[PDB]
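First comes the structure, then the notes that go with it.
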Number of protein chains: 2
Amino acid sequence: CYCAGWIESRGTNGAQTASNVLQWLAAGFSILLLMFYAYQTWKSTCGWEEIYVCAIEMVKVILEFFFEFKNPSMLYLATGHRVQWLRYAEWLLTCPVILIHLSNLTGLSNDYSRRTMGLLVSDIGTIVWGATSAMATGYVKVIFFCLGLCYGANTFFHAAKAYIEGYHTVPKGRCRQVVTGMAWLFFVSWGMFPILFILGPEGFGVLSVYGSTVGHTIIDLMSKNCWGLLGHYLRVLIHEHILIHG
Amino acid sequence: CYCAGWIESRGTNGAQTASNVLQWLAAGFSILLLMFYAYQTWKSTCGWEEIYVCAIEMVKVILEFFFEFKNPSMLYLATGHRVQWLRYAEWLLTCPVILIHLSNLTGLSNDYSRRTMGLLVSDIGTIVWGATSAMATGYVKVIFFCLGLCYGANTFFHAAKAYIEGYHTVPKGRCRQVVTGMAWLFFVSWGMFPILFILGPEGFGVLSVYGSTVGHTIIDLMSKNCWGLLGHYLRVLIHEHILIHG
Ligand SMILES: CCCCCCCC/C=C/CCCCCCCC(=O)O[C@@H](COC(=O)CCCCCCCCCCCCCCCCC)COP(=O)(O)OCCN
Ligand SMILES: CCCCCCCC/C=C/CCCCCCCC(=O)O[C@@H](COC(=O)CCCCCCCCCCCCCCCCC)COP(=O)(O)OCCN
């Protein structure tokens, strides 16, 4: 198997250095957040969503530092396109959990509405179509990217509805500022996901593998570590409000 | 890109014929079920889960008859392993919806418990690990298959709990026989999914591409078309019971 499109070049030895540094920073942040969540589960209240997302992010970052360009994480394909399977697998593992966290922002409701079901179905669909577009190499890539755009538009509409509902159910004060910050982080990072797809090697080859890895690491820290930490803080504030007033 | 493991052989020209015949049968069954579900949505009650699963199955069967060995549906990989991406993408699209149907068997409850959330997370994880094992080529394949086995064991435990809960909430009579048949179909087909993985080219190369396609088509008809039709019949019986008694 030669396929000269496999060797190519992943970066410029400076994007590689930035990617390694950001991977170390993400690993450290995920590890520290995991110890913090373990301590909180021991003492305070803690949700399973943030812990699961942090654990998956830590595992993904370790595998990205070690074997990002190896077969399970990087599919090389007969078309000459190196597909970052690790990215989309981690998306499938985390983003549904992030939206399960988005529903029931206040970690108090035990049940989930059908809007959550539509959210999850649309998100799984949009990640599936994004992966297929990454592996689709051509006009099929454009078709599957547009399918993912439609699914992600539905996902964004449902997520915006969930964010408005959370903003209104949450107590007035610090809680709504935390909800607004969560919404900002969520929408910016989840809208940079398709932007990075377009700019990355999976779309127009502008960002290269290492630059795309750098950008995806940054918005991965934003969308999962920082967003999960803000969700945990929102849950802590809600628990305090329930203890005092409720 | 030569990679002599890509050409190989997909079947014996009889497994190919059986695969084509079963694809035509699945396409016809999905089309007829789609007209039936459209008629039911027009006249009777009909759930979105069965319609969505049938539509995805019809699209998947069309793409399997036409471009099953083409790049978007078949990733060829630098390792020489032809990965059936269409299979795992369709799994990610349907199986979560099948489990959303498994929760709320009686199409009456608007809310979903955290057990449904765990079901969906475990199922997405098990499909992700199955895809990674299909692309992982070696001891990494075994490791990811075992990870998928753990996730699918959790999924099966939660699905069994959901089936017992549905069997007990459903009215006594035809409804519980339909629930039992749904449970039998679900567990047999979803347990043949890893059996077919083991026997297929993604595991031990015993079934070949065409034989694996034949088996997956059969248990795809069982797990999605027949199971969805039985779920629709259960919902129809429950609606009749509500109309008469409830
Ligand atoms: C994740 C995997 C990525 C895969 C990569 C490849 C796939 C490509 C697709 C990925 C994503 C593609 C999406 C692009 C299309 C998005 C267009 C879209 O649907 O836009 C969505 C929203 O998404 C956005 O990003 C636009 C931002 C607007 C929403 C921000 C505020 C709402 C929530 C904030 C709550 C805090 C304040 C609440 C009240 C404040 C005071 C009362 C439209 O809602 P909506 O707006 O109509 O809501 C109902 C409300 N009228
Ligand atoms: C889908 C994508 C496939 C990916 C392929 C590669 C990934 C490989 C993994 C895929 C699947 C891997 C699973 C293999 C290992 C799973 C074994 C396992 O976990 O087994 C699970 C599930 O067991 C079964 O598979 C069969 C369940 C028996 C039926 C029970 C529910 C039906 C109820 C309906 C009618 C019954 C009447 C109810 C009451 C009657 C009156 C009292 C253990 O629950 P459980 O049994 O302890 O429950 C709690 C009950 N005590």
Side-chain angles (χ1 to χ4, degrees), chain A residues 1-6 48-49 52 56 67 70-83 85-86 88-97 100-101 103-104 109-118 120-121 123-125 127-129 131-133 135-138 140-141 143-144, chain B residues 1-6 48-49 52 56 67 70-83 85-86 88-97 100-101 103-104 109-118 120-121 123-125 127-129 131-133 135-138 140-141 143-144:
Chain A
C1 327
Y2 163 59
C3 204
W6 290 339
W48 70 268
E49 294 107 325
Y52 189 60
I56 298 300
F67 334 102
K70 289 304 226 143
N71 161 64
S73 326
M74 180 145 281
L75 319 170
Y76 278 82
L77 291 213
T79 64
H81 285 31
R82 316 178 267 196
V83 178
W85 169 239
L86 180 50
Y88 313 119
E90 171 259 308
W91 285 356
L92 284 156
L93 290 163
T94 47
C95 293
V97 180
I100 297 168
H101 194 342
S103 186
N104 188 42
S109 100
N110 326 95
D111 62 56
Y112 291 84
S113 34
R114 331 185 96 121
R115 294 169 332 255
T116 310
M117 301 339 307
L120 295 185
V121 167
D123 184 59
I124 294 153
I127 304 156
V128 159
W129 304 136
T132 321
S133 183
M135 326 151 168
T137 196
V140 196
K141 166 185 305 283
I143 285 160
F144 276 120
Chain B
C1 327
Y2 163 59
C3 204
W6 290 339
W48 70 268
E49 294 107 325
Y52 189 60
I56 298 300
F67 334 102
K70 289 304 226 143
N71 161 64
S73 326
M74 180 145 281
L75 319 170
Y76 278 82
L77 291 213
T79 64
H81 285 31
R82 316 178 267 196
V83 178
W85 169 239
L86 180 50
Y88 313 119
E90 171 259 308
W91 285 356
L92 284 156
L93 290 163
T94 47
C95 293
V97 180
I100 297 168
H101 194 342
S103 186
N104 188 42
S109 100
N110 326 95
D111 62 56
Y112 291 84
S113 34
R114 331 185 96 121
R115 294 169 332 255
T116 310
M117 301 339 307
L120 295 185
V121 167
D123 184 59
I124 294 153
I127 304 156
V128 159
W129 304 136
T132 321
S133 183
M135 326 151 168
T137 196
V140 196
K141 166 185 305 283
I143 285 160
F144 276 120

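Heavy-atom basis, side chains included; hydrogens, waters and symmetry copies ignored. Each chain gets a letter, A, B and so on, in the order the sequences are listed, and its residues count up from 1.
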**Fill in**
By side chain to side chain contact (heavy atoms under 4.5 Å, CB included), A/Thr137 pairs with (sequence neighbours left out) A/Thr79, A/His81, B/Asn71

About how many Å separate [atom2] of [Y] and [atom1] of [X], when rounded to the nearest 0.5 Å?
X        : Y        : atom1 : atom2 : value
B/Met117 : A/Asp111 : CE    : CG    : 11.0 Å
A/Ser109 : B/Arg114 : OG    : CZ    : 6.5 Å
A/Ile124 : B/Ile124 : CD1   : CD1   : 3.5 Å

**Prompt:** A/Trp85 and B/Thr132: which non-hydrogen atoms are nearest, and at how many Å?
**Reply:** NE1-OG1, 3.1 Å

**Asked** If you take all heavy atoms of A/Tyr112 and B/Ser113, which pair is closest and at what distance?
**Response** CD1-O, 4.0 Å

Under 4.5 Å from a heavy atom of chain B, the part of [X] involved:
X        : result
A/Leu86  : neither
A/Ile100 : side chain
A/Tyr52  : side chain

**Request:** Could you walk me through whether B/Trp48 and A/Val121 pass the side-chain contact (heavy atoms from CB on, under 4.5 Å) test, one step at a time?
**Result:** CA-CA 12 Å; B/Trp48 70 268; A/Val121 167; 3.7 Å; yes

**Prompt:** Between A/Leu93 and B/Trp129, is a side-chain contact (heavy atoms from CB on, under 4.5 Å) present by the stated rule, with each step listed?
**Reply:** CA-CA 10 Å; A/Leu93 290 163; B/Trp129 304 136; 3.6 Å; yes

**Item:** Contact winner vs chain A - B/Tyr88, B/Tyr76, B/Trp6, heavy-atom pairs under 4.5 Å
**Value:** B/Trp6

**Message:** What part of B/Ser133 gets within 4.5 angstrom of chain A, counting heavy atoms only: side chain, backbone, both, or neither?
**Reply:** neither

**Message:** Can you tell me which portion of B/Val140 sits under 4.5 Å from chain A's heavy atoms? Options are side chain, backbone, both or neither.
**Reply:** side chain

**Message:** Pair B/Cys1, A/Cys1 - check disulfide bond (SG atoms under 2.5 Å apart), show working.
**Reply:** CA-CA 6 Å; B/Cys1 327; A/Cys1 327; over 6 Å; no

**Prompt:** In chain order, what residues pass the side chain to side chain donor-acceptor pair (under 3.5 Å) check against B/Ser103, with sequence neighbours excluded?
**Reply:** B/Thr116

